[PDB]
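1. Below is the sequence, then the experimental coordinates.
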Amino acid sequence: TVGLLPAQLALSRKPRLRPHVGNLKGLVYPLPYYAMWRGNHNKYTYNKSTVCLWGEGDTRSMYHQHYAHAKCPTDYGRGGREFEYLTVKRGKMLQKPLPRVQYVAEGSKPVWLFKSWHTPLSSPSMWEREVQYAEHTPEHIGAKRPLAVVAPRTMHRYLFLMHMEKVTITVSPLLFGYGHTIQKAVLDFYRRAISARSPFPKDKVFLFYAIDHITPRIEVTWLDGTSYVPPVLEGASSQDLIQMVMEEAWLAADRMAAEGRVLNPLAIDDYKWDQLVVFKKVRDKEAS
Amino acid sequence: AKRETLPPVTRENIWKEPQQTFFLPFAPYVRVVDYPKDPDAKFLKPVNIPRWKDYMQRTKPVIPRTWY
Amino acid sequence: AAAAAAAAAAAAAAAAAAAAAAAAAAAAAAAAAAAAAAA
Amino acid sequence: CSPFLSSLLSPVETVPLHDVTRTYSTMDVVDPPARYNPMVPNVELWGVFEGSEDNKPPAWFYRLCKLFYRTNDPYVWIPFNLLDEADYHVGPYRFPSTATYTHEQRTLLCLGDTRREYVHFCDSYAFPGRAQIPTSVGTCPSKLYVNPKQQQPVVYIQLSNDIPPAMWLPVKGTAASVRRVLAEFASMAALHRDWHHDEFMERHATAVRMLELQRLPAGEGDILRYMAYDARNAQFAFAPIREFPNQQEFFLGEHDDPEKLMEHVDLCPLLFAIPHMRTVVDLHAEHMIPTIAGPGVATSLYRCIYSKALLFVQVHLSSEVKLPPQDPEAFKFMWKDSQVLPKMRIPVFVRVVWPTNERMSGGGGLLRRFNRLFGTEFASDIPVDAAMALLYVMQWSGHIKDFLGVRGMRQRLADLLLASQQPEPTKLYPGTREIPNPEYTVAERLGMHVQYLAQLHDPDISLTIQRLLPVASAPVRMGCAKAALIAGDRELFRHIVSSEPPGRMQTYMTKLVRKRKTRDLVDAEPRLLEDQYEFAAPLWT
Amino acid sequence: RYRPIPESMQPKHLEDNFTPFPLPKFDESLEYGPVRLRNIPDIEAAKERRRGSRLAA
Amino acid sequence: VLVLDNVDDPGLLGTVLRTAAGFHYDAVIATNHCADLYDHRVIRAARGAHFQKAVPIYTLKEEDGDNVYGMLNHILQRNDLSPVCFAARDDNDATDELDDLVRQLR
Amino acid sequence: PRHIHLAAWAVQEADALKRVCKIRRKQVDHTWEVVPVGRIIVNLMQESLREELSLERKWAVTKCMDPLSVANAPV
Amino acid sequence: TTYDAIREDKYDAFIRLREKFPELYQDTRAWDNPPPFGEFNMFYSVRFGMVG
Amino acid sequence: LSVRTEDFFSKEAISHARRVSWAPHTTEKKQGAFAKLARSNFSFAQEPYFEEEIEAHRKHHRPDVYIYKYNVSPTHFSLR
């Protein structure tokens, strides 16, 4: 505006920020502070090899599980303090064509999903894929829309069995007497299931003792009628079992939603308040 | 081509208008506004105009953009 | 209804001057009284 | 016994949510995500005999046609392209395929009969295309219909195909009257061009420069689209608001994604595609998050096509009565993993600013009958196109019921008071200052509607607030304070805040307005400071 | 008879697939979407313009 | 459950708190403009009511974001409770909300 | 002093339209506050200080600007 | 990796939005349409001076 | 040129991978939803390394299909 007092630009006693006035040689590009982190100089630009950490100029030949997949070998440049804020290279620029999406029919009309923050983040619609092609829809599982690509990265420490119709746990008292860690894992999983979030979890949770002393197992059957068995192996904790069960339950919920059956979304309830009390206790203990 | 052929004729605006000696703010702050009755009420100020924090913070173009 | 809701702004007199406090300005000219000019 | 009261008392059943004691089914969950299916399409006699042989020219119609033929800048000139008696268009008014009106609405717009046939015999003054630059030469002509079987010699003027017979301007059947009626619009268009053509030329030049900068095609359509976009980058101060003396506010209903309604406003065929000022309502932006001391108002200014009136739409992000949580960590923990989110309630008003006209509104009787039919509250002097655009936008959005004026807001407030007096139904959880419930309750909605009534300029707003204040709840008192601020009653606001007992409500009430010292408002009685009393009452008068 | 007018005030020609700013451009896959809003008169106008151009061709 | 509505008397409030503590009431809630639960007079009247875990005391104020009536309805519905009211004085018949509604409708 | 500060704030608010800046919120002089409003200037004092410095009397008694007044001896 | 669904979907959506909403995503144009050479560039072009 | 709301307000600096979508409605920050719901207002490690993500359904159920000495999947190869 005009009523306010802007900063002097042409004439002023204040320091005019031009460090390059007496520190750069030859042509200086108007890009401010392009050669500043180098030490405010534009010499020794003929060096091809510089001090490099992992993921920098000369480490392209070497293999590093991260950069080998998350950085192109030709995209490597100069060292840390020698970063390329501005590069000038003579030659004929080449606009290589952009990648073309694959496994998509020709002339197919996709379906568009308008993502917006108004939809809660936990909803599977956010993790769904925006552009949906008819050829991406599995029609033999009953799905109408293609399956979500991303999945929530939460670490499920409790169990939420609303979307699963039944859970059966087979356990062996003789194997308990033997004293295997799988026994404890399954027992803790059963305890956490019966203390799960769904109202009256005992309604859906059932325990059957080993009528024939067979290896313990878990079977979760969903509303869709499908079933899933978490492979129980040594060195598997109840935490890992619950994580697997909840991840597969989320996948099954996504599949059912794609099929087109209404699925009761979760909401804060008595179990949520029972978690709130312990969360507040943890917060107070940490504060103390 | 540049070294050989002449450049295009200079645009009239370029050589008729001056080079502004100041650089007005990206987000100028104007507390004055005549829309809300009783301007003392803050909760009716338009949101489209910048805040003072925005006026001070916006020293560079928007994130994706590079040219002023 | 219509009269209750509608609001018609007052008539702004053509070439009306406004003071610093936005008050309506009435014709008033000031000249140095101590000066003894020819008119 | 009203639909609003019935909805408030026995709300519809939404996504059920069971619990260990009950099941909550009336929660107002947000609309599931939108989708675009290419398979679904975008769309969703006597007149014949008259055209063939029965058409006959009466004396008055013959005289009018002869006068028009004799004719006794393009913006001011009024053409008359008379057709031949065999070439007259005979038939009923056919709504465009993109017309979401109900059967009753269509009958009302056709005046009790959709079968009625109107004979169109000549064109008239032209208006610019919607997408074209607003200050462009008239392209689409107007129509002059005449009912072949009518007791009085009435002539209807149709500005465009998007306005039904209910909005066609009737004329006294005189050539001079028709010429004056058309000259009103011609002069209005000429004034609009003379006023806002330089600004649009500047905008066009800037749009061309920006297209040159960001490499993009520079076609005429591309330039027009970029001008419509740059409408976003319009300064409030340099906006054609307060242009015409006449003003009137209307309520477009509470919403949750105001951009969804603003899209309808933009796409309304009766409005230009290049508004003077537009602001995208991103409720999640750090400067647009609604709060009790909310950010303010998002303003979008549009201009009508035919009558150069202004629709100044205002999304009031500030209007709120729900206090912020006192335990934000706990609130976030509660609402982190939830897949159900309650729908918001953000109000959208619209000021109609139109020039002082004696014929563009149709003489008053047209809008009087329109109001008597649609239960609206349009002023008799409103231009027909503005009212038609508002009605079309509301019907398209699906909020005709929420389209209310001052009297409608009064009735809604009465229904809210009745609901408040009646017992309140339970909700997901009661909500406390530590963990408030993001579900608008009866008291909060009452306060918000008091604020809406104040926003809709009402001479009795101060009296209504004064009568409500003695018996009301804290949310209602907050709403009354905000309404007093909106009206401009500083004394009333000071009285309300002084009467308010200490609490976060009073704290936020003080934080609302720009004040010298909080004590000037808090201290109902002057409290001695340094053995000196301060009388701040004169400030708020 | 009509007074001369400047090219700026003269109407601007539009292509068969032109749509205003809020609507998206035309593509083979998304003909006139993606747009959640429905019953858009301008899309129908563009379709009619395309039909007229095709008939003229 | 106990609810205290517009007590405003520190001594009476303290004595009520003492009686509630003695009777081991499940929970006491001060609803409407009740005398400050933490006041010198209230503490003088109530020797150890504020420091007793058996009788949890809550202070619900509509002027701080608490829907006290909503909380009461939620408690009643959850616990299948029955409400009983007691007024120190009688209750007359007089109202103006009807007049306000009539004016709004007119 | 509180009354002086309140009056100064009220004057500044009345001038808010063309006002460019506000007065100090910490009263430097607890017996004299001056609000300049363009060509107009308002001085709010206490009775004692007002009687001490009689600016009103000086500005009412001072003669107008006579051009011939400069035709005198230097001082 | 030969087909990563997440990358493919996100990139396809990005390209579709850039193609169908050029005004909204104008600032992203420079990613694929770099300014031509020989035209004045704000951060690169340095022009000669004069002697007087 | 002139003053603009683009100059006024600054967007979130979020990488493409982290960004859930480029839609105008999702342009804002994630915490904006919580801020709106509550009606209130409110750094990479030195060596930030991530193992490449895989589609949820494919990663949770990876068929035990192999070739001569390389795992073969509809989306990925590997060595074993």
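-> Thanks, I have it. Numbering: from 1, shown residues only, chains lettered A, B, ... in the order given.
2. The lengthiest strand in chain A pairs with which strands, parallel or anti?
-> Counting by DSSP state E, the longest strand found in chain A is strand A:164-171. The pairing partners recorded for strand A:164-171 under DSSP bridges are strand A:205-209 (parallel), strand A:217-222 (antiparallel).
3. Show me where the chain has its strands.
-> Going with chain A. A:111-113, A:131-132, A:164-171, A:205-209, A:217-222, A:227-228.
4. Hmm, no, I was thinking of chain F.
-> F:2-5, F:28-32, F:57-59.
5. what sits up against the shortest one?
-> With C-beta atoms under 8 Å, 6 or more residues apart in numbering or on different chains as the test, strand F:57-59 has contacts from F:17, F:27, F:28, F:29, F:30, F:34, F:37, F:49, F:50. Yep, even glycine has a C-beta here, placed from its N, CA and C like the rest.
6. One more pass at 6 Å, please.
-> By C-beta atoms under 6 Å, 6 or more residues apart in numbering or on different chains, the surrounding residues in contact with strand F:57-59 are F:28, F:29, F:30, F:37.
7. neighbours around the residue in chain I that chain H sits nearest to, how many?
-> For chain I and chain H, the shortest gap (C-beta to the nearest C-beta) falls at residue I:55, measuring 4.1 Å. As a burial measure, residue I:55 scores 21 neighbours (other C-beta atoms under 10 Å in any protein chain shown).
8. Identify the spatial nearest neighbour of it, chain neighbours not counted.
-> Excluding the flanking residues, the one nearest residue I:55 by C-beta to C-beta, 6 or more residues apart in numbering or on different chains is residue H:5, at 4.1 Å.
9. circling back: the strands of chain A into TSV, with extra columns for mean neighbour count?
-> Output for the strands of chain A, formatted as TSV (neighbours: other C-beta atoms under 10 Å in any protein chain shown):
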stretch	mean neighbour count
strand A:111-113	25
strand A:131-132	22
strand A:164-171	19
strand A:205-209	15
strand A:217-222	19
strand A:227-228	16
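10. rewinding a little: what's the most buried one of the strands of chain F?
-> Most buried of the strands of chain F by mean neighbour count (mean count of other C-beta atoms under 10 Å in any protein chain shown) is strand F:28-32; its value is a mean of 20.
11. so what's residue D:73 up against?
-> Shown in contact with residue D:73 (C-beta under 6 Å, 6+ apart): residue E:3.
12. mind redoing it with 10 Å?
-> For residue D:73, the contacting residues are D:137, D:186, D:190, D:193, E:2, E:3, E:4, E:5, E:9, by C-beta atoms under 10 Å, 6 or more residues apart in numbering or on different chains.
13. interface residues of chain E facing chain H?
-> E:21-27, E:29-30, E:32-35 (C-beta under 10 Å from any C-beta of the partner chain).
14. What I need now is those written out in CSV, including secondary structure and neighbour count for each item.
-> CSV is the format used below for the residues of chain E next to chain H (DSSP: H, G, I helix; E, B strand; the rest coil; neighbours: other C-beta atoms under 10 Å in any protein chain shown):
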residue, secondary structure, neighbour count
E:21, coil, 24
E:22, coil, 24
E:23, coil, 23
E:24, coil, 22
E:25, coil, 18
E:26, coil, 17
E:27, coil, 13
E:29, coil, 18
E:30, coil, 21
E:32, coil, 22
E:33, coil, 23
E:34, coil, 23
E:35, coil, 21
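15. which two in these are spaced the farthest apart?
-> Taking C-beta to C-beta, the two most distant members of these are E:21 and E:29; they sit 20.9 Å apart.
16. then stretch A:20-37 to PDB, C-alphas only?
-> What follows is stretch A:20-37, C-alpha atoms only, in PDB (Å, rounded to 0.1, in the frame of the first residue of the first chain):
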ATOM      1  CA  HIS A  20      28.800 -11.300  -3.700                       C
ATOM      2  CA  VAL A  21      30.100  -7.800  -4.400                       C
ATOM      3  CA  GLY A  22      33.700  -8.500  -3.400                       C
ATOM      4  CA  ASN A  23      33.700 -12.300  -3.100                       C
ATOM      5  CA  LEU A  24      32.700 -13.700  -6.500                       C
ATOM      6  CA  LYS A  25      34.700 -13.700  -9.700                       C
ATOM      7  CA  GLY A  26      33.400 -13.200 -13.300                       C
ATOM      8  CA  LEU A  27      29.800 -13.600 -14.200                       C
ATOM      9  CA  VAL A  28      27.400 -13.600 -11.200                       C
ATOM     10  CA  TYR A  29      23.800 -14.700 -11.800                       C
ATOM     11  CA  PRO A  30      21.000 -12.700 -10.300                       C
ATOM     12  CA  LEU A  31      19.800 -15.700  -8.300                       C
ATOM     13  CA  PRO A  32      20.600 -14.400  -4.700                       C
ATOM     14  CA  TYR A  33      23.000 -16.400  -2.600                       C
ATOM     15  CA  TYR A  34      23.400 -19.300  -5.100                       C
ATOM     16  CA  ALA A  35      27.100 -19.800  -4.100                       C
ATOM     17  CA  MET A  36      26.700 -18.900  -0.400                       C
ATOM     18  CA  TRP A  37      27.000 -22.200   1.400                       C
END
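17. near chain I at all, it?
-> No: Stretch A:20-37 is not in contact with chain I by C-beta under 10 Å from any C-beta; minimum separation 17.9 Å.
18. what's the answer for stretch D:238-253, then?
-> Yes: residues of stretch D:238-253 contacting chain I under C-beta under 10 Å from any C-beta: residue D:238.
19. got the buried residues for that stretch?
-> For stretch D:238-253, a neighbour-count test (16 or more other C-beta atoms under 10 Å in any protein chain shown) marks D:239-241, D:243-244, D:246-253 as buried.
20. I'd like the secondary structure assignment at the residue positioned nearest the centre of chain G, please.
-> Closest to where the C-alpha atoms of chain G average out (C-alpha atoms, centre = their mean) is residue G:43, at 3.4 Å. With DSSP: H, G, I helix; E, B strand; the rest coil as the basis, residue G:43 sits in strand.
21. ends of stretch D:228-242, how far apart?
-> From its first residue to its last, stretch D:228-242 covers 22 Å (C-alpha to C-alpha, to the nearest Å).
22. Would you check that the residue nearest to the centre of chain G makes contact with residue G:31?
-> No: using C-beta atoms under 10 Å, residue G:43 is not in contact with residue G:31, being 11.2 Å away.
23. overlap in contacts of those two?
-> Joint contacts of residue G:43 and residue G:31 (C-beta under 10 Å, 6+ apart) are G:4, G:49, G:50.
24. hmm, the secondary structure element (helix or strand) that the first one belongs to in reach of chain A?
-> Under the criterion DSSP states H and E, the helix or strand holding residue G:4 is helix G:2-14. No: contact of helix G:2-14 with chain A (C-beta under 10 Å from any C-beta) is absent, the minimum separation being 16.7 Å.
25. Report the buried residues of the next helix or strand after that helix.
-> As assigned by DSSP H and E, the chain's next helix or strand after helix G:2-14 is strand G:32-37. Neighbour-count burial for strand G:32-37 flags G:32, G:33, G:35 (criterion: 16+ other C-beta under 10 Å).
26. from the middle of its chain, how far away would the top helix by length along chain F be?
-> Determined from DSSP state H, the single longest helix within chain F is helix F:10-23. Chain-centre distance of helix F:10-23: 13 Å, with C-alpha atoms, centre = their mean, to the nearest Å.
27. So for residue B:42, what's the nearest residue that isn't a sequence neighbour?
-> residue D:514 (5.8 Å).
28. Is there a neighbour count for that neighbour? I'd like the number.
-> Counted with other C-beta under 10 Å, the neighbours of residue D:514 add up to 14.
29. which ones are touching it?
-> Here residue D:514 is in contact with B:31, B:38, B:39, B:40, B:41, B:42, B:45, G:13, G:16 (C-beta under 10 Å, 6+ apart).
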